[PDB]
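Working notes, beginning with the structure itself.
Along the sequence shown, residues are numbered consecutively beginning with 1.
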Amino acid sequence: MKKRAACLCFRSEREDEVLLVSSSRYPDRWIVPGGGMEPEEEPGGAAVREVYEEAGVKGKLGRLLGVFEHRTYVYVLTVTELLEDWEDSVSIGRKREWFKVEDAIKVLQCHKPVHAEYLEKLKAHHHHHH
């Protein structure tokens, strides 16, 4: 399996607002930040690196939301700092933006239904306080 990490970055512990970034292939579309993992890389470390590179995010890594299946480990993270200029903003003009979870689901549904699925699972888990 080709392994990937993805990360739901929240503005606070409320987990009501999530940071999406623009797609590198489709620059006007939104996606959940993440990427491919190196050999034997811990998915958690990869998530932290990816949000730093793609979204200019520093924060506190939280729980593994789940493993989705090429095979993606999806973590949550509480943002503590947003850098003004970051690697992908400089290199490819990648954008980032805060969305309410439901809005996020809406913009992801059409072309990134799998990413929307991450937030649907988040919602289901919220309902049961875990």
>> More than 12 heavy atoms of other residues, nucleotides or ligands under 6.0 Å from OH of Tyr52: yes or no?
In response: no
> Ignoring hydrogens and geometry, is there a side-chain-to-backbone donor-acceptor pair from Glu54 to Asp88 under 3.5 Å?
Replying inline: no
>> For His70, run the side-chain contact (heavy atoms from CB on, under 4.5 Å) check against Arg4, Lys3, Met1 and tell me which one passes.
In response: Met1
>> If I compare all heavy atoms of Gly36 with all of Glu41, which pair ends up nearest, and what's the gap?
In response: O-OE1, 4.5 Å
> Do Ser91 side-chain atoms and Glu87 backbone N/O form a donor-acceptor pair below 3.5 Å?
Replying inline: yes
>> Set out, in order, the CA-CA distance, both residues' side-chain angles and the distance that settles side chain to side chain contact (heavy atoms under 4.5 Å, CB included) for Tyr26 and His111, then state yes or no.
In response: CA-CA 10 Å; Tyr26 311 98; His111 308 283; over 6 Å; no
>> Do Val107 and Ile105 land in one hydrophobic cluster if side-chain heavy atoms of ILVMFWY residues count as linked below 4.5 Å?
In response: yes
>> Rounded at 0.5 Å granularity, tell me how far NZ in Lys60 sits from CZ in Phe10.
In response: 14.0 Å
> Stepwise, does the side chain to side chain contact (heavy atoms under 4.5 Å, CB included) test hold for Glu15 with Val101?
Replying inline: CA-CA 8 Å; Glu15 302 187 1; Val101 164; over 6 Å; no
> With hydrophobic residues grouped by side-chain heavy-atom distances under 4.5 Å, do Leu61 and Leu82 end up in a single group?
Replying inline: yes
> Within a reach of under 6.0 Å around NZ of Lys121, are more than 12 heavy atoms found that belong to other residues, nucleotides or ligands?
Replying inline: yes
>> Using the rule that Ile, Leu, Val, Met, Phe, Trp and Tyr join whenever any side-chain heavy atoms are under 4.5 Å apart, tell me whether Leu122 and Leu108 fall into a single cluster.
In response: yes
> Rounded to the nearest 0.5 Å, what separation is found between the CG atom of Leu119 and the NZ atom of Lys106?
Replying inline: 11.5 Å
>> I'd like to know if the side chain of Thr80 and the backbone of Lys58 have a donor-acceptor N/O pair within less than 3.5 Å.
In response: yes
> Taking all non-hydrogen atoms of both residues, which atom of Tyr75 and which atom of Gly62 are closest, and how far apart?
Replying inline: CD2-O, 3.7 Å
> Taking 4.0 angstrom as the limit, do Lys123 and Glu102 come out as a salt bridge?
Replying inline: yes
> Between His130 and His125, what is the ring plane arrangement, given parallel below 30°, perpendicular above 60°, and tilted in between?
Replying inline: perpendicular
>> If I compare all heavy atoms of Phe68 with all of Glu117, which pair ends up nearest, and what's the gap?
In response: CD2-OE2, 3.9 Å
> Does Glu42 CD have over 12 foreign heavy atoms under 6.0 Å away?
Replying inline: no
>> So if I apply the side-chain contact (heavy atoms from CB on, under 4.5 Å) rule between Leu19 and each of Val57, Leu8, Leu77, which one comes out positive?
In response: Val57
> Out of curiosity, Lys112 NZ to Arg29 CZ, how far, rounded to the nearest 0.5 Å?
Replying inline: 9.5 Å
>> Do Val79 and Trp98 have side chains that approach each other closer than 4.5 Å (heavy atoms only, starting at C-beta)?
In response: yes
> Taking all non-hydrogen atoms of both residues, which atom of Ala5 and which atom of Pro43 are closest, and how far apart?
Replying inline: CB-O, 3.6 Å
> Does the side chain of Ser12 come within less than 4.5 Å of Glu17's, by heavy atoms?
Replying inline: no
>> What I want to find out is whether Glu69 reaches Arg71 closely enough, with some N-O distance under 4.0 Å, to be called a salt bridge.
In response: yes
>> Could you tell me if the side chain of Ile31 sits less than 4.5 Å from the side chain of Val21, heavy atoms only?
In response: yes
>> Quick one, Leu20 and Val32 - any side-chain contact, counting heavy atoms below 4.5 Å?
In response: yes
>> Tell me whether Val76 shares a hydrophobic cluster with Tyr118, the cluster being built from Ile, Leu, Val, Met, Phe, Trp, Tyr side chains joined at under 4.5 Å.
In response: yes
> When rounded to the nearest 0.5 angstrom, what is the spacing between OG in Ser22 and CD1 in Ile92?
Replying inline: 6.5 Å
> Between atom CZ of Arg94 and atom CH2 of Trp86, what is the distance when rounded to the nearest 0.5 Å?
Replying inline: 10.0 Å
